[PDB]
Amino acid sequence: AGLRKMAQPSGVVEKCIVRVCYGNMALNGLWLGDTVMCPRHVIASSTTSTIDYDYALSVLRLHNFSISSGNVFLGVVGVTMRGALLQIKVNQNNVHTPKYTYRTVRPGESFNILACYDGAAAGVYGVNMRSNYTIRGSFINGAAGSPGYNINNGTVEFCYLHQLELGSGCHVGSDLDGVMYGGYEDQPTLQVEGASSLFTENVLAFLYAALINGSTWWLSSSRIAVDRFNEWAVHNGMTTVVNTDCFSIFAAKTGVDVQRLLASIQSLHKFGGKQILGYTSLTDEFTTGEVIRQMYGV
């Protein structure tokens, strides 16, 4: 029993972090095979005013790089731009490179952050990609280059390299293709994240987990069809429901159908001094997949 936002074990990824320094700039890189990937702003001469990255790369001093895995220093062979990343070829292969893929995640999908400083893992926590393409992270100045990953069948799927914090505190990264999530710029500008909508499918997962854990005081007997829910959502900061069928497993082991939870969601949207699994507000950080794993192991 119980539900916790968890991370997958980080060991396979820890072996891939390197420290990448250039001038007064220091951040983290991901060392896979003979390549290091890191945010391109490590070569920016200042990160406080606008940057011309092509100019910065044109005047790169290759020997001014210091890339290290622990006390083992990597020689830089070449550097190319890859969207908002540098792809740095180095002289040594990482023998501890796991089997890996890249994937761009979509809003509502969960992944793992390995929070890194000075090229060493410091913390690991789970996150969920918001509808405005930001994440609710904890990162301070040295954290750019911290990877986001998922692990499926021993293969590490890298989906995120940390880049920046918006003026609001929302955190933004790029995919391993170098495409910034949400189209935000890797510039110190005044960009503001879009309105965020709670991911209804995830809220439903949380409420089914709540039921399985014996929490029922909020359960409605009242019911509401998906369609009348969807019209209500778009004026109340929640998304729409299209797979009412990822919940079939949950409806069978609890006896509660989606439409009863959808009616509970509308009342719980702004709890009455009570809590659900410790929460005093609806949370959308848990996916059906996460809940299934924690409740049943598969």
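Counting begins at 1, following the sequence as shown. In this text, the rigid core denotes the largest set of C-alpha atoms whose superposition between the two forms falls within 1.5 Å.
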Positional deviation of Cα atoms in 6 other deposited structures of this protein after core superposition, greater for 200-208 or 223-231: 223-231
Which of the two stretches, 189-197 versus 85-93, has its Cα atoms farther on average from this form in 6 other deposited structures of this protein when everything is superposed by the rigid core? 189-197
Other entries lacking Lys270, at least a third: yes
As the entry stands, the deposited residues without coordinates between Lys270 and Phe271 add up to 1 to 3
Comparing 288-296 with 1-9, which stretch shows the greater average C-alpha B-factor in the deposited entry? 288-296
On mean C-alpha B-factor from the PDB entry, just flag whether 79-87 or 207-215 is the higher one. 207-215
Determine which member of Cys38, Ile67, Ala56, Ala233 has the highest CA B-factor, using the values in the deposited entry. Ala233
Which is it among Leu190, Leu176, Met180, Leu164: the one with the largest CA B-factor in the entry? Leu190
Looking at the C-alpha B-factor of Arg19, is it in the lowest, middle or highest third of its chain? lowest
Entry-reported C-alpha B-factor of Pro107 relative to its chain, by third, is middle
If you rank every modelled residue in this chain by C-alpha B factor, which third holds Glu185: lowest, middle or highest? middle
Grab the CA temperature factor for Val95 from the record and place it in the lowest, middle or highest third of its chain. middle
Consider only the C-alpha atoms of the modelled residues in this chain, order them by B-factor as the entry records it, and name the third containing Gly194: lowest, middle or highest. highest
